[PDB]
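Shown below: coords_10.txt, with compact mmCIF, C-alpha atoms and all ligand atoms.
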```txt
# COMPACT_ATOMS: atom_id res chain seq x y z
CA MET A 1 -4.08 34.04 9.06
CA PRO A 2 -1.72 36.49 10.76
CA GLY A 3 1.55 34.97 9.64
CA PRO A 4 0.96 34.16 5.92
CA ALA A 5 2.96 31.61 3.92
CA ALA A 6 3.99 31.98 0.28
CA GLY A 7 3.64 28.46 -1.08
CA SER A 8 5.50 26.43 -3.68
CA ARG A 9 5.16 25.28 -7.26
CA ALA A 10 6.81 22.53 -9.27
CA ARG A 11 10.08 23.96 -10.43
CA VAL A 12 10.13 21.59 -13.39
CA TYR A 13 6.74 20.53 -14.78
CA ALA A 14 4.81 23.17 -12.89
CA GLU A 15 2.14 23.44 -15.56
CA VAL A 16 2.13 20.20 -17.55
CA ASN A 17 -1.32 18.72 -16.83
CA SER A 18 -3.00 22.06 -17.61
CA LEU A 19 -1.79 22.21 -21.19
CA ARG A 20 -3.52 18.87 -21.50
CA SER A 21 -7.00 17.39 -22.05
CA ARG A 22 -9.03 17.17 -18.85
CA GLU A 23 -9.85 13.54 -19.71
CA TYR A 24 -6.25 12.96 -18.75
CA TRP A 25 -6.06 14.16 -15.15
CA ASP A 26 -9.79 13.73 -14.49
CA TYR A 27 -9.56 10.18 -13.10
CA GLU A 28 -12.62 10.65 -10.95
CA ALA A 29 -14.24 10.40 -14.35
CA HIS A 30 -12.20 7.36 -15.43
CA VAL A 31 -14.32 4.21 -15.78
CA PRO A 32 -11.95 1.47 -16.90
CA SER A 33 -13.04 -1.87 -18.29
CA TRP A 34 -12.57 -5.11 -16.35
CA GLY A 35 -11.89 -8.78 -16.85
CA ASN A 36 -12.70 -11.92 -14.93
CA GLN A 37 -10.19 -13.61 -12.70
CA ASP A 38 -11.03 -17.05 -14.06
CA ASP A 39 -8.43 -16.42 -16.74
CA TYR A 40 -5.94 -16.11 -13.88
CA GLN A 41 -4.67 -18.72 -11.44
CA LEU A 42 -3.11 -16.96 -8.41
CA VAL A 43 -0.15 -19.27 -7.66
CA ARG A 44 1.72 -17.87 -4.68
CA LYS A 45 1.05 -14.78 -2.54
CA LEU A 46 4.10 -12.53 -2.71
CA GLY A 47 2.70 -9.94 -0.33
CA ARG A 48 0.01 -7.37 0.55
CA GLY A 49 -0.56 -4.16 2.48
CA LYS A 50 -3.28 -2.38 4.42
CA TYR A 51 -5.58 -2.48 1.40
CA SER A 52 -4.07 -4.90 -1.11
CA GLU A 53 -3.09 -8.55 -0.93
CA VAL A 54 -0.50 -9.65 -3.54
CA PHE A 55 0.04 -13.00 -5.30
CA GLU A 56 2.11 -14.61 -8.02
CA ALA A 57 -0.13 -15.92 -10.81
CA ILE A 58 -0.24 -17.16 -14.38
CA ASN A 59 -2.78 -16.48 -17.12
CA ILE A 60 -4.62 -19.78 -17.45
CA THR A 61 -5.40 -19.09 -21.08
CA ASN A 62 -1.71 -19.01 -22.09
CA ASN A 63 0.41 -20.30 -19.19
CA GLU A 64 1.92 -16.83 -18.86
CA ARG A 65 3.38 -16.00 -15.44
CA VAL A 66 2.02 -12.70 -14.16
CA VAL A 67 1.47 -10.72 -10.95
CA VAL A 68 -1.94 -9.76 -9.55
CA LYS A 69 -3.17 -7.55 -6.73
CA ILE A 70 -6.60 -6.89 -5.28
CA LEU A 71 -8.17 -4.52 -2.78
CA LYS A 72 -11.62 -4.06 -1.33
CA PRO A 73 -13.51 -0.95 -2.58
CA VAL A 74 -11.96 1.11 0.23
CA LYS A 75 -12.35 4.26 -1.83
CA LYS A 76 -13.39 3.63 -5.41
CA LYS A 77 -11.68 7.02 -5.67
CA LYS A 78 -8.18 5.79 -4.92
CA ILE A 79 -8.95 2.73 -7.05
CA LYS A 80 -10.53 4.74 -9.83
CA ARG A 81 -7.47 6.96 -9.93
CA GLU A 82 -4.68 4.42 -9.32
CA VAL A 83 -5.90 2.95 -12.58
CA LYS A 84 -6.07 6.05 -14.76
CA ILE A 85 -2.57 6.93 -13.57
CA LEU A 86 -1.08 3.56 -14.49
CA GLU A 87 -2.69 3.43 -17.92
CA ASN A 88 -1.22 6.92 -18.17
CA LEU A 89 2.18 5.47 -17.42
CA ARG A 90 2.30 2.20 -19.32
CA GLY A 91 5.10 2.19 -21.89
CA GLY A 92 7.24 4.09 -19.44
CA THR A 93 10.83 3.07 -18.84
CA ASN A 94 11.28 1.18 -15.58
CA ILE A 95 7.65 1.94 -14.83
CA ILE A 96 5.71 -1.16 -13.73
CA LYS A 97 3.59 -2.24 -16.71
CA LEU A 98 -0.15 -2.54 -16.15
CA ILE A 99 -1.23 -5.50 -18.17
CA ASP A 100 -4.98 -5.17 -17.75
CA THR A 101 -7.63 -4.09 -15.26
CA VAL A 102 -9.81 -7.05 -14.31
CA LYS A 103 -12.50 -7.62 -11.70
CA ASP A 104 -12.30 -11.13 -10.30
CA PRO A 105 -16.03 -11.96 -10.16
CA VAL A 106 -14.46 -13.84 -7.25
CA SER A 107 -15.81 -11.22 -4.90
CA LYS A 108 -16.86 -9.28 -7.98
CA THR A 109 -14.03 -6.98 -6.97
CA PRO A 110 -11.40 -5.31 -9.22
CA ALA A 111 -7.75 -6.28 -9.42
CA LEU A 112 -4.64 -5.34 -11.30
CA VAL A 113 -2.59 -7.69 -13.42
CA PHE A 114 0.93 -6.31 -13.46
CA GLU A 115 3.82 -7.58 -15.50
CA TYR A 116 6.01 -9.95 -13.58
CA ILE A 117 9.61 -9.16 -12.61
CA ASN A 118 11.81 -11.34 -10.42
CA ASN A 119 12.52 -9.13 -7.39
CA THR A 120 15.28 -10.07 -4.92
CA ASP A 121 14.65 -7.87 -1.86
CA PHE A 122 17.07 -5.05 -1.24
CA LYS A 123 17.79 -6.61 2.17
CA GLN A 124 20.10 -9.31 0.78
CA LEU A 125 20.74 -7.39 -2.44
CA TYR A 126 21.76 -4.01 -0.97
CA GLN A 127 25.13 -5.38 0.15
CA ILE A 128 26.55 -7.07 -2.92
CA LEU A 129 26.09 -3.88 -4.90
CA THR A 130 28.96 -1.78 -6.21
CA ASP A 131 29.83 1.83 -6.88
CA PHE A 132 28.66 0.77 -10.33
CA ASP A 133 25.81 -1.50 -9.37
CA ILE A 134 24.05 1.38 -7.73
CA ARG A 135 24.72 4.30 -9.99
CA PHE A 136 23.25 1.84 -12.45
CA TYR A 137 19.93 1.34 -10.66
CA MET A 138 19.65 4.85 -9.31
CA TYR A 139 19.94 6.26 -12.82
CA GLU A 140 17.58 3.52 -13.94
CA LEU A 141 15.25 4.29 -11.08
CA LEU A 142 15.59 7.94 -12.02
CA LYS A 143 14.61 7.33 -15.66
CA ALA A 144 11.36 6.20 -14.09
CA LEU A 145 10.98 9.15 -11.74
CA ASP A 146 11.69 11.78 -14.36
CA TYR A 147 9.26 10.11 -16.72
CA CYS A 148 6.28 10.13 -14.32
CA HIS A 149 7.34 13.60 -13.29
CA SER A 150 7.43 14.61 -16.93
CA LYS A 151 3.86 13.27 -17.04
CA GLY A 152 2.58 15.41 -14.19
CA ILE A 153 2.73 12.62 -11.62
CA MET A 154 4.52 12.17 -8.29
CA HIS A 155 4.42 8.53 -7.24
CA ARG A 156 4.24 9.69 -3.63
CA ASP A 157 5.94 6.61 -2.15
CA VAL A 158 9.53 5.74 -2.98
CA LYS A 159 11.23 2.99 -1.02
CA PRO A 160 13.03 -0.34 -1.59
CA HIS A 161 9.84 -2.40 -1.37
CA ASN A 162 8.49 -0.51 -4.38
CA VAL A 163 11.66 -0.79 -6.37
CA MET A 164 11.98 -4.37 -7.60
CA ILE A 165 15.27 -5.29 -9.22
CA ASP A 166 16.16 -8.35 -11.23
CA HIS A 167 19.83 -8.43 -10.48
CA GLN A 168 20.25 -11.71 -12.26
CA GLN A 169 18.82 -10.57 -15.53
CA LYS A 170 19.51 -6.97 -14.36
CA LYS A 171 16.26 -4.93 -14.52
CA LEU A 172 14.42 -2.35 -12.40
CA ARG A 173 10.71 -1.64 -12.13
CA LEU A 174 9.28 0.94 -9.74
CA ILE A 175 6.27 -1.20 -8.91
CA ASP A 176 3.13 0.13 -7.27
CA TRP A 177 1.35 3.42 -7.64
CA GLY A 178 -1.53 3.32 -5.18
CA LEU A 179 -0.52 6.47 -3.28
CA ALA A 180 0.57 8.50 -6.27
CA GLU A 181 -1.51 11.46 -7.49
CA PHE A 182 -1.79 14.34 -9.96
CA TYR A 183 0.22 17.52 -9.74
CA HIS A 184 -1.64 20.77 -10.42
CA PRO A 185 -0.04 24.23 -9.84
CA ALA A 186 -0.55 24.63 -6.10
CA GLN A 187 -2.91 22.43 -4.11
CA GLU A 188 -2.70 21.57 -0.42
CA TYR A 189 -1.91 17.86 -0.57
CA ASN A 190 -2.43 15.52 2.36
CA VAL A 191 0.97 15.23 4.06
CA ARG A 192 0.06 11.90 5.55
CA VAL A 193 1.63 10.00 2.62
CA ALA A 194 4.87 8.03 2.09
CA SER A 195 6.66 6.03 4.81
CA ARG A 196 8.08 6.82 8.25
CA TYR A 197 11.58 6.66 6.72
CA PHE A 198 11.34 8.47 3.37
CA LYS A 199 8.48 10.82 3.94
CA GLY A 200 10.32 14.05 3.15
CA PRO A 201 11.01 16.74 5.79
CA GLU A 202 8.39 18.82 4.02
CA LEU A 203 5.75 16.24 4.90
CA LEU A 204 6.62 16.63 8.55
CA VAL A 205 5.67 20.27 8.96
CA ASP A 206 2.40 19.17 7.38
CA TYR A 207 3.33 21.33 4.39
CA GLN A 208 0.88 20.28 1.68
CA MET A 209 1.99 22.49 -1.15
CA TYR A 210 4.57 19.92 -2.18
CA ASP A 211 5.30 18.44 -5.60
CA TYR A 212 7.40 16.05 -7.68
CA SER A 213 10.28 17.16 -5.41
CA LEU A 214 8.95 14.73 -2.82
CA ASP A 215 9.74 11.90 -5.19
CA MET A 216 13.32 13.09 -4.91
CA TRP A 217 13.92 13.30 -1.18
CA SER A 218 12.90 9.67 -1.07
CA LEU A 219 15.13 8.88 -4.03
CA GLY A 220 17.57 10.84 -1.88
CA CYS A 221 17.10 8.58 1.14
CA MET A 222 17.67 5.35 -0.77
CA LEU A 223 20.91 6.54 -2.40
CA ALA A 224 22.39 7.42 1.00
CA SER A 225 21.51 4.06 2.50
CA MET A 226 22.63 2.44 -0.67
CA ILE A 227 25.91 4.33 -0.60
CA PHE A 228 26.63 4.43 3.13
CA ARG A 229 25.02 1.19 4.33
CA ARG A 230 22.25 2.35 6.67
CA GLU A 231 18.70 1.02 6.28
CA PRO A 232 16.93 3.19 6.62
CA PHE A 233 19.45 6.02 6.81
CA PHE A 234 17.01 8.05 8.92
CA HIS A 235 15.69 5.15 10.92
CA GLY A 236 13.13 7.18 12.83
CA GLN A 237 10.76 6.55 15.70
CA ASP A 238 7.83 8.89 16.42
CA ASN A 239 6.63 10.25 13.14
CA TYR A 240 8.42 13.15 14.92
CA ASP A 241 11.74 11.54 15.74
CA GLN A 242 11.91 11.07 11.96
CA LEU A 243 12.40 14.82 11.80
CA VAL A 244 15.29 14.81 14.24
CA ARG A 245 16.97 11.74 12.82
CA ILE A 246 17.34 14.16 9.91
CA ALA A 247 17.88 17.39 11.85
CA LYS A 248 21.11 15.85 13.11
CA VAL A 249 22.27 15.54 9.51
CA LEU A 250 20.99 18.61 7.66
CA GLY A 251 21.24 20.77 10.79
CA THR A 252 18.91 22.25 13.41
CA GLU A 253 19.61 25.80 12.32
CA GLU A 254 19.69 25.05 8.63
CA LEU A 255 16.25 23.64 9.46
CA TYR A 256 14.61 26.77 10.83
CA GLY A 257 15.87 28.81 7.92
CA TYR A 258 13.80 26.45 5.82
CA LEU A 259 10.62 26.90 7.88
CA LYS A 260 11.39 30.58 7.72
CA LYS A 261 11.77 30.36 3.96
CA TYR A 262 8.16 29.22 3.86
CA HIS A 263 6.52 30.72 6.95
CA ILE A 264 6.17 27.64 9.05
CA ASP A 265 5.55 27.40 12.77
CA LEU A 266 7.13 24.22 14.01
CA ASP A 267 4.51 22.34 15.98
CA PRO A 268 5.42 22.30 19.67
CA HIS A 269 7.12 19.13 20.86
CA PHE A 270 10.19 19.22 18.55
CA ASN A 271 11.34 21.76 21.04
CA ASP A 272 12.12 19.12 23.65
CA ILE A 273 12.97 16.77 20.77
CA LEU A 274 15.25 18.63 18.31
CA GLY A 275 18.04 20.45 20.12
CA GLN A 276 21.02 22.20 18.55
CA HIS A 277 22.78 20.01 16.01
CA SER A 278 24.93 21.30 13.15
CA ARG A 279 25.14 20.02 9.57
CA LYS A 280 27.39 16.96 9.41
CA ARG A 281 29.95 16.45 6.65
CA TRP A 282 28.66 13.45 4.78
CA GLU A 283 32.19 12.15 5.16
CA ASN A 284 31.11 11.70 8.73
CA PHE A 285 29.60 8.48 7.46
CA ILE A 286 32.32 7.00 5.32
CA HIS A 287 34.21 4.21 7.10
CA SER A 288 35.83 0.95 5.96
CA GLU A 289 32.41 -0.62 6.11
CA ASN A 290 31.41 1.43 3.00
CA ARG A 291 34.64 3.08 1.88
CA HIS A 292 34.44 1.60 -1.64
CA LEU A 293 30.86 2.73 -2.31
CA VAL A 294 31.25 6.43 -1.53
CA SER A 295 33.28 9.00 -3.50
CA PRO A 296 32.97 12.77 -4.01
CA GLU A 297 30.27 12.15 -6.63
CA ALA A 298 27.73 10.44 -4.44
CA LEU A 299 28.60 12.87 -1.67
CA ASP A 300 28.05 15.69 -4.17
CA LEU A 301 24.89 14.36 -5.75
CA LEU A 302 23.80 13.32 -2.28
CA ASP A 303 24.12 16.80 -0.77
CA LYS A 304 22.07 18.37 -3.56
CA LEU A 305 19.35 15.76 -3.00
CA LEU A 306 18.96 15.42 0.74
CA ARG A 307 18.22 19.10 1.34
CA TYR A 308 15.59 20.91 3.40
CA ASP A 309 14.43 23.43 0.84
CA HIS A 310 12.07 21.06 -0.91
CA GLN A 311 12.62 23.37 -3.87
CA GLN A 312 16.39 23.77 -4.14
CA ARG A 313 16.79 20.06 -4.88
CA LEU A 314 18.08 18.55 -8.07
CA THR A 315 15.32 17.76 -10.52
CA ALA A 316 14.42 14.30 -11.72
CA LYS A 317 16.35 14.95 -14.93
CA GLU A 318 19.16 17.21 -13.68
CA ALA A 319 19.99 14.18 -11.57
CA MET A 320 20.64 12.14 -14.70
CA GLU A 321 22.76 14.84 -16.29
CA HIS A 322 24.80 14.77 -13.07
CA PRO A 323 28.41 13.43 -12.92
CA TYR A 324 27.96 10.56 -10.47
CA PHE A 325 26.09 8.81 -13.26
CA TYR A 326 28.63 9.47 -15.98
CA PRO A 327 29.99 6.00 -15.37
CA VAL A 328 26.99 5.07 -17.51
CA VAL A 329 27.16 5.80 -21.24
CA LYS A 330 23.47 4.98 -20.79
CA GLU A 331 23.04 2.35 -23.49
CA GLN A 332 21.68 4.69 -26.16
CA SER A 333 24.82 6.43 -27.43
CA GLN A 334 23.87 8.72 -30.33
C1 LIG B 401 3.64 -6.32 -3.61
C2 LIG B 401 4.73 -5.33 -3.37
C3 LIG B 401 4.13 -4.43 -2.33
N1 LIG B 401 5.93 -5.98 -2.81
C4 LIG B 401 6.51 -7.18 -3.17
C5 LIG B 401 6.96 -8.03 -2.12
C6 LIG B 401 7.60 -9.28 -2.36
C7 LIG B 401 7.74 -9.61 -3.72
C8 LIG B 401 8.31 -10.72 -4.43
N2 LIG B 401 8.24 -10.48 -5.77
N3 LIG B 401 7.58 -9.44 -5.97
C9 LIG B 401 7.12 -9.07 -7.17
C10 LIG B 401 7.63 -9.60 -8.36
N4 LIG B 401 7.13 -9.18 -9.51
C11 LIG B 401 6.16 -8.28 -9.58
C12 LIG B 401 5.67 -7.78 -8.37
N5 LIG B 401 4.74 -6.89 -8.35
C13 LIG B 401 4.05 -6.24 -9.44
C14 LIG B 401 3.32 -5.11 -9.07
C15 LIG B 401 3.31 -5.13 -7.65
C16 LIG B 401 2.46 -4.27 -6.74
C17 LIG B 401 2.11 -2.89 -7.27
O1 LIG B 401 2.65 -2.43 -8.28
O2 LIG B 401 1.27 -2.26 -6.62
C18 LIG B 401 4.21 -6.12 -7.26
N6 LIG B 401 6.14 -8.16 -7.21
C19 LIG B 401 7.30 -8.80 -4.80
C20 LIG B 401 6.68 -7.56 -4.53
```

Translate this structure into structure tokens?
Ligand SMILES: CC(C)Nc1ccc2cnn(-c3cncc(-n4ccc(CC(=O)O)c4)n3)c2c1
Amino acid sequence: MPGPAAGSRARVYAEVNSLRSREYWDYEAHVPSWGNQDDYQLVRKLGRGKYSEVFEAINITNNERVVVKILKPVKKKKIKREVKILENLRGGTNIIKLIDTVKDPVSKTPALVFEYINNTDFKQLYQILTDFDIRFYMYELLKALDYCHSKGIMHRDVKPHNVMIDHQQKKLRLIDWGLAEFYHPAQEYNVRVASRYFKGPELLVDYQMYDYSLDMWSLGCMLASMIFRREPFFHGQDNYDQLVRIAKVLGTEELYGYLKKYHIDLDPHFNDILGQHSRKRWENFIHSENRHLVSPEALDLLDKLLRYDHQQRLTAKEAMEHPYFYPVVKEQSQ
């Protein structure tokens, strides 16, 4: 309509799924097999969301501790898909492992039996960390991101509560994948995904032509909080204040340029809201309280991540080939 808008495309795996069997991305056509519950004794309920309840369980057959989740047939679509995706991920570094899709004849409803990892909530955890114990998980976390990205998939919801971490042992597993989806070269994607603290700026202007990049802003948000000490860093209010909380960091001007870059009329409102703020040196957040966590690296890596242009951001991999993570000879030396 008068006032066209280019659009975007994945800058990295922009065409992956295509050069692939339809079977693959056609999850609406994915009829997975199921198992009973009976084989599983749901010990203690860890959590649950709007559609899924989540318990700690153990496979009766072989006293093996495991995690299980269930969720009414809200949209056999989501369900259908969530499954295909996960099978399509299994065997992926730091990617939650889907043990087996079973339908607890309990209600005669489907459930997932995920591997079990001993999570310790970032709340307590995100404070004992260290310049090291951070680069370490980020990178780790990343290895996950880049992998699902490499496989044409953008989780669509990055946040602490989806990033378990066994600090004792020392492992990371980006659990969950119920909001994720497939990435095909240009497709208006609901913008109503993610959380009111990570949802990227892009998903504020209701800009659907997003991609893997989204998985990075989030990843961006954590890092900052992890490095500076704010949780969340952009602790927003109205799904709209969440745009200003940012605006004050990336810049009000710098912002428009972005919406100019992609023909975007900023919904009214923000007018009264926004104001005229100017990009803030990330140093404007480094005080005693976090002095030891920061460093030029994180500030560097951080600037190239938390950016408006949902395109000009570091890639899932580039991230890993970035300096800040050098401190990790990534156990693999060859
Ligand atoms: C349940 C999630 C939302 N949060 C949560 C909250 C408290 C806790 C405590 N431990 N814990 C936990 C531990 N191991 C595995 C999973 N798990 C395996 C897959 C999924 C869920 C999935 O992958 O969808 C979760 N969750 C929690 C996990």

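Using all atoms listed in the file, the smallest distance between any of A:227, A:179, A:216, A:6 and residue A:293 comes from A:227.
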
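Minimum distance to ligand LIG 401 (chain B) across A:165, A:255, A:193, A:244 (counting all atoms listed in the file) occurs at A:165.
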
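Residues near the point (-12.5, -5.1, 1.5), at a distance of 9 Å or less over only C-alpha atoms, make up residues 51, 52, 71, 72, 73, 74 and 109 of chain A.
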
What does the file look like for those residues with C-alpha atoms, as a PDB file, in the frame of the given file?
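Everything below was put into again_0.pdb:
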```pdb
ATOM      1  CA  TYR A  51      -5.580  -2.480   1.400  1.00  0.00           C
ATOM      2  CA  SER A  52      -4.070  -4.900  -1.110  1.00  0.00           C
ATOM      3  CA  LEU A  71      -8.170  -4.520  -2.780  1.00  0.00           C
ATOM      4  CA  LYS A  72     -11.620  -4.060  -1.330  1.00  0.00           C
ATOM      5  CA  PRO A  73     -13.510  -0.950  -2.580  1.00  0.00           C
ATOM      6  CA  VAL A  74     -11.960   1.110   0.230  1.00  0.00           C
ATOM      7  CA  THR A 109     -14.030  -6.980  -6.970  1.00  0.00           C
TER       8      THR A 109
END
```

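Here atom CA of residue A:155 is placed at a distance of 6.6 Å from atom CA of residue A:181.
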
So that each row is one residue of chain A with an atom at most 8 Å from ligand LIG 401 (chain B), can you give its shortest atom pair and the distance in Å to one decimal, using only C-alpha atoms and all ligand atoms, rows by chain and rising number, as JSON lines?
```
{"residue": "A:46", "atom": "CA", "partner": "B:LIG401", "partner_atom": "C7", "distance": 4.8}
{"residue": "A:47", "atom": "CA", "partner": "B:LIG401", "partner_atom": "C1", "distance": 5.0}
{"residue": "A:48", "atom": "CA", "partner": "B:LIG401", "partner_atom": "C1", "distance": 5.6}
{"residue": "A:49", "atom": "CA", "partner": "B:LIG401", "partner_atom": "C3", "distance": 6.7}
{"residue": "A:53", "atom": "CA", "partner": "B:LIG401", "partner_atom": "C1", "distance": 7.6}
{"residue": "A:54", "atom": "CA", "partner": "B:LIG401", "partner_atom": "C1", "distance": 5.3}
{"residue": "A:55", "atom": "CA", "partner": "B:LIG401", "partner_atom": "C1", "distance": 7.8}
{"residue": "A:56", "atom": "CA", "partner": "B:LIG401", "partner_atom": "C10", "distance": 7.5}
{"residue": "A:66", "atom": "CA", "partner": "B:LIG401", "partner_atom": "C11", "distance": 7.6}
{"residue": "A:67", "atom": "CA", "partner": "B:LIG401", "partner_atom": "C13", "distance": 5.4}
{"residue": "A:68", "atom": "CA", "partner": "B:LIG401", "partner_atom": "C13", "distance": 6.9}
{"residue": "A:69", "atom": "CA", "partner": "B:LIG401", "partner_atom": "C16", "distance": 6.5}
{"residue": "A:96", "atom": "CA", "partner": "B:LIG401", "partner_atom": "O1", "distance": 6.4}
{"residue": "A:113", "atom": "CA", "partner": "B:LIG401", "partner_atom": "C14", "distance": 7.8}
{"residue": "A:114", "atom": "CA", "partner": "B:LIG401", "partner_atom": "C13", "distance": 5.1}
{"residue": "A:115", "atom": "CA", "partner": "B:LIG401", "partner_atom": "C13", "distance": 6.2}
{"residue": "A:116", "atom": "CA", "partner": "B:LIG401", "partner_atom": "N4", "distance": 4.3}
{"residue": "A:117", "atom": "CA", "partner": "B:LIG401", "partner_atom": "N4", "distance": 4.0}
{"residue": "A:118", "atom": "CA", "partner": "B:LIG401", "partner_atom": "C10", "distance": 5.0}
{"residue": "A:119", "atom": "CA", "partner": "B:LIG401", "partner_atom": "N2", "distance": 4.8}
{"residue": "A:120", "atom": "CA", "partner": "B:LIG401", "partner_atom": "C8", "distance": 7.0}
{"residue": "A:121", "atom": "CA", "partner": "B:LIG401", "partner_atom": "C6", "distance": 7.2}
{"residue": "A:161", "atom": "CA", "partner": "B:LIG401", "partner_atom": "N1", "distance": 5.5}
{"residue": "A:162", "atom": "CA", "partner": "B:LIG401", "partner_atom": "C2", "distance": 6.2}
{"residue": "A:164", "atom": "CA", "partner": "B:LIG401", "partner_atom": "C9", "distance": 6.8}
{"residue": "A:174", "atom": "CA", "partner": "B:LIG401", "partner_atom": "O1", "distance": 7.6}
{"residue": "A:175", "atom": "CA", "partner": "B:LIG401", "partner_atom": "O1", "distance": 3.9}
{"residue": "A:176", "atom": "CA", "partner": "B:LIG401", "partner_atom": "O1", "distance": 2.8}
{"residue": "A:177", "atom": "CA", "partner": "B:LIG401", "partner_atom": "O2", "distance": 5.8}
{"residue": "A:178", "atom": "CA", "partner": "B:LIG401", "partner_atom": "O2", "distance": 6.4}
```

Worksheet entry | Shell of 9 Å around stretch 141-147 of chain A, all atoms listed in the file, local chain residues under 2 positions omitted, as a PyMOL selection string | chain A and resi 89+92-95+136-139+149-155+163+172-174+212+215-216+219+315-317+319-320

Each side padded by 4 Å, which centre and which edge lengths in Å (one decimal) define the axis-aligned box around the listed atoms of stretch 41-51 of chain A? Give them as JSON.
```
{"center_x": -0.7, "center_y": -10.8, "center_z": -3.5, "size_x": 17.7, "size_y": 24.9, "size_z": 23.9}
```

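Comparing the minimum interatomic distances between residue A:307 and each of A:222, A:250, A:214, A:14, counting only C-alpha atoms, we find that A:250 sits nearest.
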
Discussion item. With distances taken over only C-alpha atoms, which residue among A:5, A:129, A:42, A:191 lies nearest residue A:260?
Written reply: A:5

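Atom pair atom CA of residue A:60 / atom CA of residue A:35 has a distance of 13.2 Å (rounded to one decimal).
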
Please report as a Markdown table every residue of stretch 220-253 of chain A lying within 6 Å of stretch 276-285 of chain A, along with the nearest atom pair and their distance in Å (one decimal), using all atoms listed in the file.
```
| residue | atom | partner | partner_atom | distance |
| --- | --- | --- | --- | --- |
| A:248 | CA | A:277 | CA | 5.3 |
| A:249 | CA | A:280 | CA | 5.3 |
| A:250 | CA | A:279 | CA | 4.8 |
| A:251 | CA | A:279 | CA | 4.2 |
| A:252 | CA | A:277 | CA | 5.2 |
```

Residue subset to file, keeping C-alpha atoms, as a PDB file, in the coordinates of the input:
```pdb
ATOM      1  CA  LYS A 248      21.110  15.850  13.110  1.00  0.00           C
ATOM      2  CA  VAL A 249      22.270  15.540   9.510  1.00  0.00           C
ATOM      3  CA  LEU A 250      20.990  18.610   7.660  1.00  0.00           C
ATOM      4  CA  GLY A 251      21.240  20.770  10.790  1.00  0.00           C
ATOM      5  CA  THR A 252      18.910  22.250  13.410  1.00  0.00           C
TER       6      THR A 252
END
```

Worksheet item: By how many Å are atom CA of residue A:88 and atom CA of residue A:27 apart?
Response: 10.3 Å

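Using only C-alpha atoms for every distance, the candidate list A:7, A:327, A:91, A:201 yields A:201 as the residue closest to residue A:256.
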
Practice prompt. Would you kindly return, as a ChimeraX atom specification, each protein, DNA or RNA residue with an atom no farther than 12 Å from any atom of residue A:268, considering all atoms listed in the file and excluding same-chain residues fewer than 5 positions away?
Written response: /A:205,240,273-274

Discussion item. Need the shell around residue A:87: protein/DNA/RNA residues with any atom at most 10 Å away, counting all atoms listed in the file. Skip same-chain ones fewer than 2 positions apart. Format as a ChimeraX atom specification?
Written reply: /A:32,81-85,89-91,97-101

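Of the residues under consideration (A:135, A:304, A:30, A:291), A:30 shows the shortest atom-to-atom contact distance to residue A:77 when counting only C-alpha atoms.
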
Counting all atoms listed in the file, what is within 8 Å of residue A:311, bar same-chain residues fewer than 2 positions away, as a compact mmCIF listing (two decimals) with C-alpha atoms, keeping the file's coordinate frame?
```txt
# COMPACT_ATOMS: atom_id res chain seq x y z
CA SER A 8 5.50 26.43 -3.68
CA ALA A 10 6.81 22.53 -9.27
CA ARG A 11 10.08 23.96 -10.43
CA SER A 213 10.28 17.16 -5.41
CA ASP A 309 14.43 23.43 0.84
CA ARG A 313 16.79 20.06 -4.88
```

Worksheet item: Neighbours of residue A:25 within 7 Å (all atoms listed in the file; same-chain residues fewer than 3 positions away dropped), as number ranges by chain?
Response: A: 17, 22, 182

Saved stretch 190-196 of chain A from the preceding structure, N, CA, C and O atoms, as a compact mmCIF listing (two decimals), in the first residue's frame:
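So the final result, stored in decode-v1.txt, reads:
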```txt
# COMPACT_ATOMS: atom_id res chain seq x y z
N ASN A 190 3.95 -14.32 12.74
CA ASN A 190 3.32 -13.68 13.88
C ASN A 190 4.45 -13.01 14.64
O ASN A 190 5.56 -13.54 14.70
N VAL A 191 4.18 -11.83 15.20
CA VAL A 191 5.18 -11.08 15.96
C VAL A 191 4.89 -11.24 17.44
O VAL A 191 5.68 -10.84 18.31
N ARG A 192 3.75 -11.84 17.71
CA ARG A 192 3.30 -12.07 19.06
C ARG A 192 4.01 -13.21 19.79
O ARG A 192 3.41 -13.87 20.65
N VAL A 193 5.28 -13.45 19.47
CA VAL A 193 6.03 -14.52 20.12
C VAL A 193 7.18 -14.00 21.00
O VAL A 193 7.54 -12.83 20.93
N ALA A 194 7.73 -14.88 21.83
CA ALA A 194 8.83 -14.51 22.73
C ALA A 194 8.26 -13.95 24.04
O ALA A 194 7.07 -14.13 24.33
N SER A 195 9.10 -13.29 24.84
CA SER A 195 8.64 -12.72 26.10
C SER A 195 8.76 -11.21 26.17
O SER A 195 9.55 -10.62 25.43
N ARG A 196 7.99 -10.60 27.06
CA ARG A 196 8.00 -9.15 27.23
C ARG A 196 9.31 -8.60 27.79
O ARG A 196 9.31 -7.56 28.45
```
